[PDB]
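I have placed the structure first, in the form of structure tokens, so that the comments after it can refer back to it.
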Amino acid sequence: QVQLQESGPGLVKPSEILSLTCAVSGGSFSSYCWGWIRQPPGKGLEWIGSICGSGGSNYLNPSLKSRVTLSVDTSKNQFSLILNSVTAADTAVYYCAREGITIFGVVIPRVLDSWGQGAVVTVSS
Amino acid sequence: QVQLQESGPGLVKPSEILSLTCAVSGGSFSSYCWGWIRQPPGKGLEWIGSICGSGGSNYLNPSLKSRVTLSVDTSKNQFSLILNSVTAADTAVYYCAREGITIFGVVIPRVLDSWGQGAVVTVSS
Amino acid sequence: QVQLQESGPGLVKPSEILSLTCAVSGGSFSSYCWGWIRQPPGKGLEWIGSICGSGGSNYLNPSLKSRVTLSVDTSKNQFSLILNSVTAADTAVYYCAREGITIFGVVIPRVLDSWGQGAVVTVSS
Amino acid sequence: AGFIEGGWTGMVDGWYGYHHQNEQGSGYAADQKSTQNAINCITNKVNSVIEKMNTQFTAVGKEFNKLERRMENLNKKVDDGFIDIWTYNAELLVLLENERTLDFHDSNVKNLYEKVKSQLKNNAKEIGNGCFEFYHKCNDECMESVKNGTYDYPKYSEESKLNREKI
Amino acid sequence: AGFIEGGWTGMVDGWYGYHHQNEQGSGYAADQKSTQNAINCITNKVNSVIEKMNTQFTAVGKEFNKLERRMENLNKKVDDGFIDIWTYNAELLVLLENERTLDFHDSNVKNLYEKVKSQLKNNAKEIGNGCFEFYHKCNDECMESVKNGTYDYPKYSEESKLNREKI
Amino acid sequence: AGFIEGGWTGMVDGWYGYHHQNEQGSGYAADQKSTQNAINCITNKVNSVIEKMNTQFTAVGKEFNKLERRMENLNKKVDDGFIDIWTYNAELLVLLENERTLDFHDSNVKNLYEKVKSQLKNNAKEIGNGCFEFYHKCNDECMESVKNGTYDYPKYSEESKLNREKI
Amino acid sequence: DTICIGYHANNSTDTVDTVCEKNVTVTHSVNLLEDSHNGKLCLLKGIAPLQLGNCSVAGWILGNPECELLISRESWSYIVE
Amino acid sequence: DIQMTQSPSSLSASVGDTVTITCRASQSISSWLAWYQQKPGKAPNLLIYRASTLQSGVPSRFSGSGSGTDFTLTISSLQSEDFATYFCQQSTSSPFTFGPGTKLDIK
Amino acid sequence: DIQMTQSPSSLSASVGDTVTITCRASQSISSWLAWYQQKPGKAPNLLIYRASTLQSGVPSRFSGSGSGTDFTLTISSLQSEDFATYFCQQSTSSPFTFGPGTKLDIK
Amino acid sequence: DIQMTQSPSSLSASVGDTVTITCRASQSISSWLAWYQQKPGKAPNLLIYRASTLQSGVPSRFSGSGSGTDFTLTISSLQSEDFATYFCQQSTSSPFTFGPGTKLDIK
Amino acid sequence: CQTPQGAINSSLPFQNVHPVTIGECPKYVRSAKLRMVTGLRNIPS
Ligand SMILES: *[C@@H]1O[C@H](CO)[C@@H](O[C@@H]2O[C@H](CO)[C@@H](O)[C@H](O)[C@H]2NC(C)=O)[C@H](O)[C@H]1NC(C)=O
Ligand SMILES: *[C@@H]1O[C@H](CO)[C@@H](O)[C@H](O)[C@H]1NC(C)=O
Ligand SMILES: *[C@@H]1O[C@H](CO)[C@@H](O)[C@H](O)[C@H]1NC(C)=O
Ligand SMILES: *[C@@H]1O[C@H](CO)[C@@H](O)[C@H](O)[C@H]1NC(C)=O
Ligand SMILES: *[C@@H]1O[C@H](CO)[C@@H](O)[C@H](O)[C@H]1NC(C)=O
Ligand SMILES: *[C@@H]1O[C@H](CO)[C@@H](O)[C@H](O)[C@H]1NC(C)=O
Ligand SMILES: *[C@@H]1O[C@H](CO)[C@@H](O)[C@H](O)[C@H]1NC(C)=O
Ligand SMILES: *[C@@H]1O[C@H](CO)[C@@H](O)[C@H](O)[C@H]1NC(C)=O
């Protein structure tokens, strides 16, 4: 069983760097990609980016590509997301989760089976 | 089964436009090719050219390619031949005929079944 | 079964043409390659070069490529070795053998079955 | 039109053909060498599956009394196994053959593509859709020779070279 | 590395993928379209072999006494016949399919390689290890356009030509 | 002397080989690696067709009196079914395997041609008959390096360019 | 200087049947059909079979005086008749 | 960017009923979708992958079907735990656009 | 160009007698040939297409055989309505030349 | 190019014993190998070709097997004529070098 | 393998000498010719 835990500041003023850490218990950064999901209140789910293997694969959503940077940090068993120039439109509830469905030896892309509890991040002055 | 009727002047002096038509009843210009076969008296049948599909699909007899011209009109349901620089050697019985034989969904090339009743024209002064 | 007979000079001075002629009885130069094998006194075998067909396919050892030239003539029915700039290390028991073995219509490369009885030659003063 | 984008309804004459585009006329044409070989050949495959099949005078219907039940079960086992092997083998055979037939067709298309490209190595550019725009000017005779396969490179090489220089 | 050299283990996203090297960043990638199409196919192929097998309630073991020796011989012969035909056809079927599936994977790899070469044309030099090296400086947009198939040749033709003149 | 023209008869050393023409010498040669792969492959295929078959001690001939007509009919039916299935399976299998053998051999020829063409992309003029005529003059070590797979472009690039300029 | 690509051919006229073709002449082939027979009855699994000369199974097992000499055999793979 | 449309916006059903929920794709996706249900304030879980297969740990009342542009999910019998919002997702290309969601109410 | 020859030029036979008419082509036309009979003063009609198949609406007394360069058409039972000239045709190349023709007379 | 090694260098055995000789190769030679025995002062003869098959005219007591970098030759009953030296040869590429040789002797 | 007409070798998987076989025998077929190609197309130069 894989359990995802996420820690965050919970408040960040606009145009201030945003750092998020998600640590995994009971699993390793081997043969399983790791993705990031966010949702604003009262809206749908969005996909930010994905880090697979051990930093081997880095895929970012094209729209947010410029401001998003994703580090693997396998040694500490925690994958992190770094955000800059965050505005009031970027308030959401940040989810870290694992892509594990595998058929015929290959993993199914971005179809997430195990999810974290969720961390709330709001942007305000 | 389709009946083919051809109309020709039957007499022509040398060296002008020689035009003959052929009308089709009970059929259309859809997926069935059409051809003209001519037979000089005392000699064999001769293939002068063909028309297929609604339009285009033009390949002619290389010996007589320059002088001949073929065309169709779908509204009048007819197909006609245009011949110029006629000589006494061009005196023949003109047959307008259709090849409808198809195997595996493709028409058999230059193997014709339904023929016209005959159009004979004489070249004299 | 083919019979192989080889004729050699039996004695050779340093640095001149060394030529031996190997004759075969009961066989022809058709669909079978022919090669030369020499062994130094008390050392292992090695392959000098091979001819196949009738002068069509010529294979030489990379170390002895400039030194050995193989010539055939089916009418006299012998194959011969021509060696120039002979040295003291060339003292060997020359064997001529037939590439008689085949699988699925190909002649296996360099797998020999029937050899000659051997012709001794020494390089000395 | 490119073969990747769509098929051609116009070429009723043959499976494979070259659409011809020129100033004096625009239309369609058929490549007969390849099409005739394929049609005669596909016939052999269909004939092989239906001709090899041999049948003999057999009576599969058997009637057994209540005290011959052991024999009856044997007949049910025999004909059930026969029809099951015949179904599985035939269904797999038809499926495998269909995939190969479609592929054989794709291989023929690729072979004709490579043949016309080896005929027209650099006198015309490749748009990638399956058409060759001529740099030089070619009438019906030379383009028919391309269909004939008797097209000659050095005659139109200088015009193609000067058209490269212009562009 | 290269596909003739071996297979990468870093890419887990899909069976086939790209490795882009650039000044701003380098990483692995996957071509989802090709990998996804392949999975549905083999899923059908594996499913077809397993599903087509149909069964009806069947009793195989039959018992006969001494007075029915011919029958027990007949039952043994027919059961041996069914199991022999079943094992032979199946063993050949798995062997032929295994060869096809492995060949289909490589044929796909060869088809993919050419698509990149055609899009790039002469702008790059083929190292021959399965890697294309760009003469012109190419940013992340033109690598992802190579992935997209929307790479435009005349945009970078001048820089590539100047780099050909330098080299 | 090309593969599209026909097949050579002088060489018997391998199924696949090269013919070299030089001032120093002229003769045939054979690709041991390519042929060895193919011979092994064909051997494995034939062995699998014959070996996977395993026969058991069975008795075919049966005797029945006039009273047991149904048993005789059943034995005739099962024997006819077995021989019909075996004939159909064997004939379709051998036809398909012959076509695979010819296709695999043609594919080997095309692979060898594309390999030597990729090695000699522009150093040698391509006749189109299966012959690569070198622009640059080079001795036997050059051609065996082409056989070795270690041919290099920059060593003979300038002489080849000068020979293109001459022609 | 020319490099040529070619394939091996020989004098063999073996004919093979290929789906989509017929009577293809090839350089070598293997025969999976054994239409040849020794023409002599032989031991099966290394056991000499019982020989019945002008005799039946019934005459052999009932002890026909003409069939008496054939009973002395102890083991047999099959029976000829 | 592929377009995801989910219909209806909302629906009310009781215990033991049968409901069919549909997500629609503007671009044709063969047999590759994902269906998640999300409790209010909780993380979404995975129900159906490949639009025809059932995830382990998920009850057998959930069924997925469809091909091409139109796909459906059918509930055999509504249970109290299944009343939460459902989401449809496509997985063929980037950016992987996610569904708008549909809420089910107790009637 | 495909050269066409038919032999014999003229043949006469009685009714009810079998007869084989041979047409021959210099080049290889594979199995694609055709057969036309022509009543005097009337348009010809098709007998056999592909050298081995019978056209619908045509009696079964006509049978065609052969391959390669040589080809034969055989009549099982000759009747009065078969008294006509016969043509042989190549369909693999342009011009698709027809045959010279062979006459048939009461004997 | 493909270096050849043999092990054991020297072995002694009596009549009727079982002896395994393992020639080893630097790089994979697949299944291609030739085994030769050389009487002192006589012509060597072929024993095993392709590492698994017997050449005709050789007694069936000899057996060879193996694949990859390692191969073995197994003799069941070793008579007086089999006491000569043995050789291992590779046949995949030039130069076609031979093994150093393994000598057999009584006790 | 043994048939009333004569003995048949058991190396090859198929035979057509006789339908009635005794012992470990190849499967009987009605095919006149059963050959598999192990080479290429033979064409003269
Ligand atoms: C088994 O039957 C054969 C067939 O009749 C016998 O062969 C004949 O024997 C008689 C008596 O010596 C001869 O006159 C005939 O010429 C034989 N005919 C042939 C075709 O050989 C044979 O002798 C019988 N054997 C025994 C042991 O009864
Ligand atoms: C195919 O269908 C279209 C639309 O009904 C029609 O216009 C066309 O004529 C048809 N073609 C043939 C060959 O039936
Ligand atoms: C077309 O090719 C044939 C090949 O035999 C040749 O004889 C003929 O002259 C060519 N015709 C044209 C149009 O070039
Ligand atoms: C990728 O290709 C598609 C279709 O050709 C196009 O709509 C899209 O804009 C392309 N993406 C980029 C970044 O150019
Ligand atoms: C042939 O190639 C091998 C490996 O690439 C190399 O070691 C060898 O030196 C080459 N031979 C020549 C003559 O270049
Ligand atoms: C093949 O025939 C030619 C005809 O001259 C002959 O020289 C050659 O020896 C023959 N080869 C074989 C293997 O029979
Ligand atoms: C194949 O060749 C053989 C021998 O010449 C012949 O008997 C047989 O009829 C041929 N088969 C066909 C289909 O022509
Ligand atoms: C086949 O069996 C017969 C039995 O007499 C024997 O003579 C022959 O040598 C055998 N052939 C093979 C191929 O083993």
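In the structure tokens, each chain is lettered A, B, ... as it comes, each chain's residues begin at 1, and ligands are numbered from 1 in order of appearance.
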task = Step by step, measure atom-to-atom distances between ligand 6 and each residue using only C-alpha atoms and all ligand atoms, keep those at most 7 Å, then write them as an MDAnalysis selection string.
result = (chainID C and resid 30:31) or (chainID G and resid 10:11)
Writer output for current selection, C-alpha atoms, as a CSV table (one decimal), in the first residue's frame:
chain,number,residue,atom,x,y,z
C,30,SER,CA,32.8,-27.6,-58.4
C,31,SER,CA,30.7,-26.3,-55.5
G,10,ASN,CA,22.9,-23.2,-58.3
G,11,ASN,CA,21.8,-25.9,-60.7
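Neighbouring residues of ligand 1 at a cut-off of 10 Å, counting only C-alpha atoms and all ligand atoms, are residues 52, 53, 54, 55, 66, 67 and 69 of chain G.
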Output the selection as an mmCIF file, in the first residue's frame - N, CA, C and O atoms for each residue.
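The result, stored in result28.cif:
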data_model
loop_
_atom_site.group_PDB
_atom_site.id
_atom_site.type_symbol
_atom_site.label_atom_id
_atom_site.label_comp_id
_atom_site.auth_asym_id
_atom_site.auth_seq_id
_atom_site.Cartn_x
_atom_site.Cartn_y
_atom_site.Cartn_z
ATOM 1 N N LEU G 52 2.088 -65.994 -39.306
ATOM 2 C CA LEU G 52 0.999 -66.926 -39.580
ATOM 3 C C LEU G 52 1.027 -67.274 -41.064
ATOM 4 O O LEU G 52 0.667 -66.448 -41.909
ATOM 5 N N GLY G 53 1.452 -68.494 -41.376
ATOM 6 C CA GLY G 53 1.496 -68.944 -42.753
ATOM 7 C C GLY G 53 0.336 -69.853 -43.097
ATOM 8 O O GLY G 53 0.251 -70.971 -42.577
ATOM 9 N N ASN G 54 -0.552 -69.372 -43.976
ATOM 10 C CA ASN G 54 -1.775 -70.076 -44.382
ATOM 11 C C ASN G 54 -2.633 -70.443 -43.172
ATOM 12 O O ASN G 54 -3.210 -71.529 -43.096
ATOM 13 N N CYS G 55 -2.716 -69.522 -42.215
ATOM 14 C CA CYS G 55 -3.402 -69.769 -40.958
ATOM 15 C C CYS G 55 -4.101 -68.493 -40.515
ATOM 16 O O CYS G 55 -3.769 -67.390 -40.957
ATOM 17 N N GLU G 66 -2.237 -78.108 -38.874
ATOM 18 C CA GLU G 66 -1.412 -77.428 -39.866
ATOM 19 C C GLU G 66 -0.780 -76.163 -39.299
ATOM 20 O O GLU G 66 0.252 -75.706 -39.804
ATOM 21 N N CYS G 67 -1.378 -75.587 -38.255
ATOM 22 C CA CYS G 67 -0.912 -74.344 -37.655
ATOM 23 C C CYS G 67 -0.176 -74.575 -36.339
ATOM 24 O O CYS G 67 -0.012 -73.632 -35.556
ATOM 25 N N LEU G 69 3.003 -75.483 -35.554
ATOM 26 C CA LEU G 69 4.385 -75.040 -35.387
ATOM 27 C C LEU G 69 4.503 -73.556 -35.059
ATOM 28 O O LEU G 69 5.548 -73.129 -34.556
#
Next on the checklist: ligand 3: which residues are within 10 Å, counting only C-alpha atoms and all ligand atoms? Reply as a PyMOL selection string.
Outcome noted: (chain B and resi 62) or (chain D and resi 140-152) or (chain I and resi 1)
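The binding environment of ligand 7, defined as every protein, DNA or RNA residue with an atom no more than 9 Å away and counting only C-alpha atoms and all ligand atoms, comprises residues 15, 17, 22, 23 and 24 of chain G; 67 of chain I.
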May I have a table of the residues of chain C lying at most 12 Å from ligand 5, giving each one's closest pair of atoms and their distance in Å to one decimal, counting only C-alpha atoms and all ligand atoms, ordered by chain and ascending residue number, as JSON lines?
{"residue": "C:61", "atom": "CA", "partner": "ligand 5", "partner_atom_place_in_ligand_line": "13 (C)", "distance": 11.4}
{"residue": "C:62", "atom": "CA", "partner": "ligand 5", "partner_atom_place_in_ligand_line": "13 (C)", "distance": 8.1}
{"residue": "C:63", "atom": "CA", "partner": "ligand 5", "partner_atom_place_in_ligand_line": "13 (C)", "distance": 10.6}
{"residue": "C:65", "atom": "CA", "partner": "ligand 5", "partner_atom_place_in_ligand_line": "13 (C)", "distance": 11.4}
Name the residues in contact with residue 26 of chain C at a cut-off of 8 Å, using only C-alpha atoms, excluding same-chain residues fewer than 6 positions from it; report them as a JSON list (two decimals) with C-alpha atoms, in the first residue's frame.
[["chain", "number", "residue", "atom", "x", "y", "z"],
["C", 1, "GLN", "CA", 35.54, -39.96, -51.01],
["C", 2, "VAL", "CA", 38.17, -37.70, -52.57],
["C", 3, "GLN", "CA", 41.89, -38.50, -52.45]]
Can you pull out every residue within 8 Å of segment 14-16 of chain K, counting only C-alpha atoms, but drop anything in the same chain fewer than 2 positions away, and send it as a PyMOL selection string?
(chain G and resi 32-35) or (chain K and resi 12+18-19+26-32)
For ligand 2, list the contacting residues at 10 Å or closer, counting only C-alpha atoms and all ligand atoms, as a ChimeraX atom specification. /B:28-32,53-54 /D:9-10,12
Report as a PDB file with N, CA, C and O atoms, in the first residue's frame which protein, DNA and RNA residues come within 7 Å of ligand 8, using only C-alpha atoms and all ligand atoms.
ATOM      1  N   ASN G  38       9.928 -49.705 -47.026  1.00  0.00           N
ATOM      2  CA  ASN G  38      10.975 -50.758 -47.096  1.00  0.00           C
ATOM      3  C   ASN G  38      10.436 -51.897 -47.958  1.00  0.00           C
ATOM      4  O   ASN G  38      11.210 -52.457 -48.751  1.00  0.00           O
TER       5      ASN G  38
ATOM      6  N   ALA K   7       7.789 -51.082 -44.251  1.00  0.00           N
ATOM      7  CA  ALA K   7       8.231 -50.271 -43.125  1.00  0.00           C
ATOM      8  C   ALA K   7       8.477 -48.833 -43.559  1.00  0.00           C
ATOM      9  O   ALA K   7       8.961 -48.574 -44.663  1.00  0.00           O
ATOM     10  N   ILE K   8       8.131 -47.897 -42.680  1.00  0.00           N
ATOM     11  CA  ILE K   8       8.343 -46.474 -42.907  1.00  0.00           C
ATOM     12  C   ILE K   8       9.205 -45.936 -41.775  1.00  0.00           C
ATOM     13  O   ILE K   8       9.006 -46.297 -40.609  1.00  0.00           O
ATOM     14  N   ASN K   9      10.176 -45.091 -42.120  1.00  0.00           N
ATOM     15  CA  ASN K   9      10.962 -44.404 -41.106  1.00  0.00           C
ATOM     16  C   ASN K   9      10.084 -43.430 -40.329  1.00  0.00           C
ATOM     17  O   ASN K   9       9.085 -42.914 -40.838  1.00  0.00           O
TER      18      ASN K   9
END
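Using only C-alpha atoms, the chain G residues found within 12 Å of chain C amount to residues 7, 8, 9, 10, 11, 12, 14, 26, 27, 28, 29 and 30 of chain G.
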Q: Please identify all polymer residues within 8 Å of residue 82 of chain B, counting only C-alpha atoms, omitting same-chain residues fewer than 2 positions from it, and present them as a list in words.
A: residues 17, 18, 19, 20, 68, 69, 70, 80 and 84 of chain B
Generate the output file for the selected residues, C-alpha atoms, as a tab-separated table (two decimals), in the first residue's frame.
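Saved result, selection_35.tsv, follows:
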chain	number	residue	atom	x	y	z
B	17	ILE	CA	-14.16	16.92	-87.39
B	18	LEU	CA	-15.79	13.49	-87.15
B	19	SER	CA	-18.09	13.25	-84.11
B	20	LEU	CA	-20.24	10.31	-82.99
B	68	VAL	CA	-8.77	11.64	-80.82
B	69	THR	CA	-10.66	13.33	-77.98
B	70	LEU	CA	-13.14	11.77	-75.54
B	80	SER	CA	-19.15	10.89	-77.38
B	84	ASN	CA	-10.21	14.93	-86.68
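Taking atom CA of residue 107 of chain H and atom CA of residue 40 of chain H as endpoints, the distance between them is 18.5 Å.
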task: For segment 70-76 of chain H, list every protein, DNA or RNA residue within 12 Å, evaluated using only C-alpha atoms, and leave out those in the same chain fewer than 3 positions away; present the list as number ranges by chain.
output: H: 4-8, 13-37, 47-54, 59-67, 79, 82-83, 86-90
#### Entry: DSSP strand (DSSP E) residues within chain A, listed as a ChimeraX atom specification
/A:3-7,11-12,18-25,33-39,46-52,57-60,68-71,78-83,92-99,102-103,106-107,114-115,119-123
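Atom pair atom CA of residue 123 of chain B / atom CA of residue 45 of chain I has a distance of 27.6 Å (rounded to one decimal).
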Between atom CA of residue 38 of chain E and atom CA of residue 57 of chain H lies a distance of 28.2 Å
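The chain B residues that come within 6 Å of chain D are residues 31, 56, 57 and 107 of chain B, with only C-alpha atoms taken into account.
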Next item on the list: Compute the set of chain E residues within 12 Å of chain F, using only C-alpha atoms, and express it as an NGL selection string.
Entry: :E and (69-71 or 73-96 or 99-100 or 103 or 107 or 110 or 125-128 or 167)
- Task: Could you list, as a PyMOL selection string, the residues of chain K having an atom within 10 Å of chain C when counting only C-alpha atoms?
- Result: chain K and resi 37-39
